[PDB]
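Trainee: Structure file model.pdb (PDB, C-alpha atoms and all ligand atoms) is given on the next line.
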ATOM      1  CA  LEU A   7     -70.006 -23.406   6.713  1.00  0.00           C
ATOM      2  CA  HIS A   8     -67.806 -21.291   8.931  1.00  0.00           C
ATOM      3  CA  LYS A   9     -67.450 -20.336  12.577  1.00  0.00           C
ATOM      4  CA  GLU A  10     -67.844 -16.744  13.720  1.00  0.00           C
ATOM      5  CA  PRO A  11     -67.211 -15.177  17.085  1.00  0.00           C
ATOM      6  CA  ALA A  12     -69.775 -14.418  19.746  1.00  0.00           C
ATOM      7  CA  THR A  13     -69.769 -13.913  23.536  1.00  0.00           C
ATOM      8  CA  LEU A  14     -72.229 -15.264  26.068  1.00  0.00           C
ATOM      9  CA  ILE A  15     -74.683 -12.806  27.500  1.00  0.00           C
ATOM     10  CA  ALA A  16     -77.023 -15.277  29.371  1.00  0.00           C
ATOM     11  CA  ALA A  17     -78.035 -18.920  29.262  1.00  0.00           C
ATOM     12  CA  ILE A  18     -81.762 -19.173  28.701  1.00  0.00           C
ATOM     13  CA  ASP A  19     -82.818 -22.859  28.332  1.00  0.00           C
ATOM     14  CA  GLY A  20     -81.796 -26.165  26.646  1.00  0.00           C
ATOM     15  CA  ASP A  21     -82.002 -24.855  23.110  1.00  0.00           C
ATOM     16  CA  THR A  22     -81.842 -21.066  23.423  1.00  0.00           C
ATOM     17  CA  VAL A  23     -79.123 -18.747  24.552  1.00  0.00           C
ATOM     18  CA  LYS A  24     -78.468 -14.982  24.516  1.00  0.00           C
ATOM     19  CA  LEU A  25     -75.208 -14.122  22.775  1.00  0.00           C
ATOM     20  CA  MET A  26     -73.622 -10.887  21.616  1.00  0.00           C
ATOM     21  CA  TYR A  27     -73.008 -11.337  17.857  1.00  0.00           C
ATOM     22  CA  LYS A  28     -71.370  -8.601  15.696  1.00  0.00           C
ATOM     23  CA  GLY A  29     -71.686  -6.499  18.834  1.00  0.00           C
ATOM     24  CA  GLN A  30     -75.486  -6.848  19.184  1.00  0.00           C
ATOM     25  CA  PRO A  31     -77.452  -8.849  21.694  1.00  0.00           C
ATOM     26  CA  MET A  32     -79.475 -11.662  20.082  1.00  0.00           C
ATOM     27  CA  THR A  33     -81.387 -14.737  21.157  1.00  0.00           C
ATOM     28  CA  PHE A  34     -80.055 -17.849  19.323  1.00  0.00           C
ATOM     29  CA  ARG A  35     -82.112 -20.981  18.778  1.00  0.00           C
ATOM     30  CA  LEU A  36     -80.098 -24.088  18.104  1.00  0.00           C
ATOM     31  CA  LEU A  37     -80.557 -25.639  14.684  1.00  0.00           C
ATOM     32  CA  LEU A  38     -81.914 -29.173  14.287  1.00  0.00           C
ATOM     33  CA  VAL A  39     -82.782 -29.918  17.895  1.00  0.00           C
ATOM     34  CA  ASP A  40     -85.677 -29.740  20.295  1.00  0.00           C
ATOM     35  CA  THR A  41     -84.997 -29.683  24.033  1.00  0.00           C
ATOM     36  CA  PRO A  42     -87.962 -30.137  26.427  1.00  0.00           C
ATOM     37  CA  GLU A  43     -89.241 -26.895  27.844  1.00  0.00           C
ATOM     38  CA  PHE A  50     -88.136 -26.129  31.403  1.00  0.00           C
ATOM     39  CA  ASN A  51     -91.562 -27.172  32.769  1.00  0.00           C
ATOM     40  CA  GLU A  52     -91.325 -30.599  31.033  1.00  0.00           C
ATOM     41  CA  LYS A  53     -89.509 -33.809  31.878  1.00  0.00           C
ATOM     42  CA  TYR A  54     -85.742 -33.369  31.332  1.00  0.00           C
ATOM     43  CA  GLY A  55     -86.303 -29.635  30.765  1.00  0.00           C
ATOM     44  CA  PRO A  56     -84.308 -28.646  33.877  1.00  0.00           C
ATOM     45  CA  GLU A  57     -81.524 -31.073  32.906  1.00  0.00           C
ATOM     46  CA  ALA A  58     -81.382 -29.808  29.329  1.00  0.00           C
ATOM     47  CA  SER A  59     -81.231 -26.191  30.541  1.00  0.00           C
ATOM     48  CA  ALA A  60     -78.499 -27.031  33.067  1.00  0.00           C
ATOM     49  CA  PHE A  61     -76.469 -28.914  30.470  1.00  0.00           C
ATOM     50  CA  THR A  62     -76.500 -26.089  27.915  1.00  0.00           C
ATOM     51  CA  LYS A  63     -75.873 -23.497  30.737  1.00  0.00           C
ATOM     52  CA  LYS A  64     -72.813 -25.281  31.995  1.00  0.00           C
ATOM     53  CA  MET A  65     -71.463 -25.768  28.481  1.00  0.00           C
ATOM     54  CA  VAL A  66     -71.697 -22.106  27.408  1.00  0.00           C
ATOM     55  CA  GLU A  67     -70.703 -20.570  30.799  1.00  0.00           C
ATOM     56  CA  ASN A  68     -67.643 -22.801  31.090  1.00  0.00           C
ATOM     57  CA  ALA A  69     -66.398 -22.043  27.541  1.00  0.00           C
ATOM     58  CA  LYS A  70     -63.456 -19.777  26.945  1.00  0.00           C
ATOM     59  CA  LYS A  71     -64.680 -19.279  23.384  1.00  0.00           C
ATOM     60  CA  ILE A  72     -68.229 -19.371  21.976  1.00  0.00           C
ATOM     61  CA  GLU A  73     -68.674 -19.469  18.240  1.00  0.00           C
ATOM     62  CA  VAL A  74     -71.723 -19.258  15.985  1.00  0.00           C
ATOM     63  CA  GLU A  75     -72.098 -21.123  12.731  1.00  0.00           C
ATOM     64  CA  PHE A  76     -74.911 -20.291  10.402  1.00  0.00           C
ATOM     65  CA  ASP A  77     -76.148 -22.764   7.861  1.00  0.00           C
ATOM     66  CA  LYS A  78     -76.831 -22.033   4.177  1.00  0.00           C
ATOM     67  CA  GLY A  79     -80.418 -20.879   4.586  1.00  0.00           C
ATOM     68  CA  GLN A  80     -82.479 -18.707   6.944  1.00  0.00           C
ATOM     69  CA  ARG A  81     -80.375 -17.117   9.704  1.00  0.00           C
ATOM     70  CA  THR A  82     -83.256 -15.731  11.786  1.00  0.00           C
ATOM     71  CA  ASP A  83     -86.672 -17.215  12.506  1.00  0.00           C
ATOM     72  CA  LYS A  84     -90.065 -15.598  12.532  1.00  0.00           C
ATOM     73  CA  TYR A  85     -89.440 -14.579  16.209  1.00  0.00           C
ATOM     74  CA  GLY A  86     -86.137 -12.827  15.337  1.00  0.00           C
ATOM     75  CA  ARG A  87     -84.023 -15.514  16.919  1.00  0.00           C
ATOM     76  CA  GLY A  88     -80.809 -16.373  15.194  1.00  0.00           C
ATOM     77  CA  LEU A  89     -80.569 -19.963  13.893  1.00  0.00           C
ATOM     78  CA  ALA A  90     -77.193 -21.490  14.276  1.00  0.00           C
ATOM     79  CA  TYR A  91     -74.970 -24.301  15.449  1.00  0.00           C
ATOM     80  CA  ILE A  92     -73.290 -23.129  18.643  1.00  0.00           C
ATOM     81  CA  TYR A  93     -69.764 -24.229  19.697  1.00  0.00           C
ATOM     82  CA  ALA A  94     -68.161 -24.080  23.162  1.00  0.00           C
ATOM     83  CA  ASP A  95     -64.370 -24.368  22.873  1.00  0.00           C
ATOM     84  CA  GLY A  96     -64.950 -26.138  19.537  1.00  0.00           C
ATOM     85  CA  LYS A  97     -67.533 -28.628  20.819  1.00  0.00           C
ATOM     86  CA  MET A  98     -70.993 -28.296  19.202  1.00  0.00           C
ATOM     87  CA  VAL A  99     -73.698 -27.766  21.770  1.00  0.00           C
ATOM     88  CA  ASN A 100     -76.399 -29.006  19.352  1.00  0.00           C
ATOM     89  CA  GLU A 101     -74.552 -32.334  18.891  1.00  0.00           C
ATOM     90  CA  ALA A 102     -73.720 -32.739  22.622  1.00  0.00           C
ATOM     91  CA  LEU A 103     -77.353 -32.337  23.663  1.00  0.00           C
ATOM     92  CA  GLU A 104     -78.217 -35.135  21.161  1.00  0.00           C
ATOM     93  CA  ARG A 105     -75.425 -37.359  22.414  1.00  0.00           C
ATOM     94  CA  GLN A 106     -76.600 -37.047  25.989  1.00  0.00           C
ATOM     95  CA  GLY A 107     -80.238 -37.820  25.311  1.00  0.00           C
ATOM     96  CA  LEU A 108     -81.400 -34.260  26.260  1.00  0.00           C
ATOM     97  CA  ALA A 109     -82.823 -33.188  22.853  1.00  0.00           C
ATOM     98  CA  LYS A 110     -84.592 -34.739  19.896  1.00  0.00           C
ATOM     99  CA  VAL A 111     -83.584 -34.055  16.284  1.00  0.00           C
ATOM    100  CA  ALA A 112     -86.386 -31.773  15.096  1.00  0.00           C
ATOM    101  CA  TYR A 113     -87.196 -28.860  12.799  1.00  0.00           C
ATOM    102  CA  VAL A 114     -85.107 -30.139   9.935  1.00  0.00           C
ATOM    103  CA  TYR A 115     -85.842 -27.768   7.099  1.00  0.00           C
ATOM    104  CA  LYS A 116     -84.379 -28.232   3.617  1.00  0.00           C
ATOM    105  CA  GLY A 117     -81.362 -25.983   3.054  1.00  0.00           C
ATOM    106  CA  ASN A 118     -80.660 -25.532   6.754  1.00  0.00           C
ATOM    107  CA  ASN A 119     -79.630 -29.090   7.519  1.00  0.00           C
ATOM    108  CA  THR A 120     -75.889 -29.388   6.902  1.00  0.00           C
ATOM    109  CA  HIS A 121     -75.366 -31.233  10.226  1.00  0.00           C
ATOM    110  CA  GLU A 122     -78.431 -33.501  10.189  1.00  0.00           C
ATOM    111  CA  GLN A 123     -76.629 -36.790   9.892  1.00  0.00           C
ATOM    112  CA  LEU A 124     -74.078 -35.821  12.627  1.00  0.00           C
ATOM    113  CA  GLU A 125     -77.034 -35.047  14.910  1.00  0.00           C
ATOM    114  CA  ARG A 126     -78.926 -38.216  14.077  1.00  0.00           C
ATOM    115  CA  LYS A 127     -75.874 -40.254  14.743  1.00  0.00           C
ATOM    116  CA  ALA A 128     -75.479 -38.733  18.175  1.00  0.00           C
ATOM    117  CA  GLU A 129     -79.138 -39.327  18.856  1.00  0.00           C
ATOM    118  CA  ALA A 130     -78.891 -42.979  17.818  1.00  0.00           C
ATOM    119  CA  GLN A 131     -76.012 -43.505  20.270  1.00  0.00           C
ATOM    120  CA  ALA A 132     -78.004 -41.852  23.077  1.00  0.00           C
ATOM    121  CA  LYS A 133     -80.974 -44.007  22.235  1.00  0.00           C
ATOM    122  CA  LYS A 134     -78.755 -47.146  22.268  1.00  0.00           C
ATOM    123  CA  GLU A 135     -77.571 -46.139  25.784  1.00  0.00           C
ATOM    124  CA  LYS A 136     -81.123 -45.463  26.991  1.00  0.00           C
ATOM    125  CA  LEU A 137     -80.013 -42.024  28.125  1.00  0.00           C
ATOM    126  CA  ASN A 138     -82.264 -39.461  29.715  1.00  0.00           C
ATOM    127  CA  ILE A 139     -85.228 -38.842  27.264  1.00  0.00           C
ATOM    128  CA  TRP A 140     -84.624 -42.405  25.919  1.00  0.00           C
ATOM    129  CA  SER A 141     -84.667 -44.039  29.433  1.00  0.00           C
TER     130      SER A 141
HETATM  131  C1  LIG B   1     -85.415 -24.660  15.199  1.00  0.00           C
HETATM  132  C2  LIG B   1     -86.306 -23.780  14.408  1.00  0.00           C
HETATM  133  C3  LIG B   1     -87.539 -23.365  14.920  1.00  0.00           C
HETATM  134  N1  LIG B   1     -88.307 -22.556  14.173  1.00  0.00           N
HETATM  135  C4  LIG B   1     -89.633 -22.139  14.618  1.00  0.00           C
HETATM  136  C5  LIG B   1     -90.635 -23.273  14.316  1.00  0.00           C
HETATM  137  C6  LIG B   1     -91.599 -23.229  15.512  1.00  0.00           C
HETATM  138  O1  LIG B   1     -92.711 -22.364  15.299  1.00  0.00           O
HETATM  139  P1  LIG B   1     -93.967 -22.290  16.284  1.00  0.00           P
HETATM  140  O2  LIG B   1     -93.513 -21.370  17.412  1.00  0.00           O
HETATM  141  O3  LIG B   1     -94.954 -21.673  15.367  1.00  0.00           O
HETATM  142  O4  LIG B   1     -94.208 -23.680  16.717  1.00  0.00           O
HETATM  143  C7  LIG B   1     -90.776 -22.667  16.643  1.00  0.00           C
HETATM  144  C8  LIG B   1     -90.303 -23.768  17.576  1.00  0.00           C
HETATM  145  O5  LIG B   1     -89.284 -23.215  18.449  1.00  0.00           O
HETATM  146  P2  LIG B   1     -89.185 -23.640  20.002  1.00  0.00           P
HETATM  147  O6  LIG B   1     -88.978 -25.122  20.059  1.00  0.00           O
HETATM  148  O7  LIG B   1     -88.103 -22.780  20.497  1.00  0.00           O
HETATM  149  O8  LIG B   1     -90.558 -23.336  20.554  1.00  0.00           O
HETATM  150  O9  LIG B   1     -89.685 -22.031  16.048  1.00  0.00           O
HETATM  151  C9  LIG B   1     -87.920 -22.170  12.905  1.00  0.00           C
HETATM  152  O10 LIG B   1     -88.751 -21.511  12.175  1.00  0.00           O
HETATM  153  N2  LIG B   1     -86.795 -22.597  12.356  1.00  0.00           N
HETATM  154  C10 LIG B   1     -85.959 -23.383  13.032  1.00  0.00           C
HETATM  155  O11 LIG B   1     -84.921 -23.754  12.455  1.00  0.00           O
HETATM  156 CA    CA B   2     -87.855 -26.335  22.847  1.00  0.00          CA
END
Can you present the structure in this file as structure tokens?
Mentor:
Amino acid sequence: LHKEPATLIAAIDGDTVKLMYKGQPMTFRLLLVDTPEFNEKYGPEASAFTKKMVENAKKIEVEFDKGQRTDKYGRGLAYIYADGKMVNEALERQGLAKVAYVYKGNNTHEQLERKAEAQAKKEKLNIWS
């Protein structure tokens, strides 16, 4: 896989963000994770965590997997990096998302995510508390 440039347009919630990619505004949905909706327990914390991570970054990058790049809603499907740190993995490591929506051929980083989730679960963090 490879990283491509993007710039933040607006944080949306724990697992979605508006980026400009190849000069076009797009909503991106993070691969392999499920954050609680804003109305749900840990939803506000998930949204705040992802907001702070993308707003604080000097450099946002997008990394598509090998399969589908857009979902049925037109959202891009990617791993998102803030100054080289993967947002998808960080949400797992903090107990603010569950590994979810793992479709064959778009799951390059599954085991990295599950590892992070196991560590969060060990620590009883957030969703696992
Ligand atoms: C993460 C992801 C979600 N989706 C679709 C499945 C779900 O469809 P339904 O809307 O029919 O449930 C929806 C969940 O996204 P959200 O968790 O953003 O709601 O997005 C994909 O198709 N591919 C993906 O890789
Ligand atoms: Ca969600």
Trainee: Let me make sure I understand: among A:74, A:65, A:128, A:92, which one has the smallest atom-to-atom distance to residue A:28 if we use only C-alpha atoms?
Mentor: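 With only C-alpha atoms as the atom set, the closest residue is A:74.
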Trainee: Out of A:117, A:31, A:20, A:11, which residue has the shortest atom-to-atom distance to residue A:63 when counting only C-alpha atoms?
Mentor: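 Residue with the minimum atom-to-atom distance to residue A:63: A:20.
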Trainee: Compile the contact shell of residue A:27 as a list in words: residues with an atom at most 10 Å away, counting all atoms listed in the file, same-chain residues fewer than 5 positions apart removed.
Mentor: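 Close residues of residue A:27: residues 10, 11, 12, 13, 14, 15, 32, 33, 34, 73, 74 and 88 of chain A.
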Trainee: Report as a list in words the full result of the PyMOL selection byres (((not hetatm)) within 9 of (chain B and resi 2)) when it is applied to this structure.
Mentor: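 Selected by the PyMOL selection byres (((not hetatm)) within 9 of (chain B and resi 2)) here: residues 19, 20, 21, 22, 35, 39, 40, 41, 42, 43, 50, 55 and 109 of chain A.
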Trainee: Taking into account all atoms listed in the file, which residue in the set A:98, A:7, A:114, A:139 is nearest to ligand LIG 1 (chain B)?
Mentor: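 Under the stated criterion, the closest residue is A:114.
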Trainee: Interatomic distance between atom CA of residue A:124 and atom CA of residue A:26?
Mentor: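 Calculated distance between atom CA of residue A:124 and atom CA of residue A:26 is 26.5 Å.
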Trainee: At what distance in Å, to one decimal, does atom CA of residue A:120 lie from atom CA of residue A:89?
Mentor: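 Distance reported for this atom pair: 12.6 Å.
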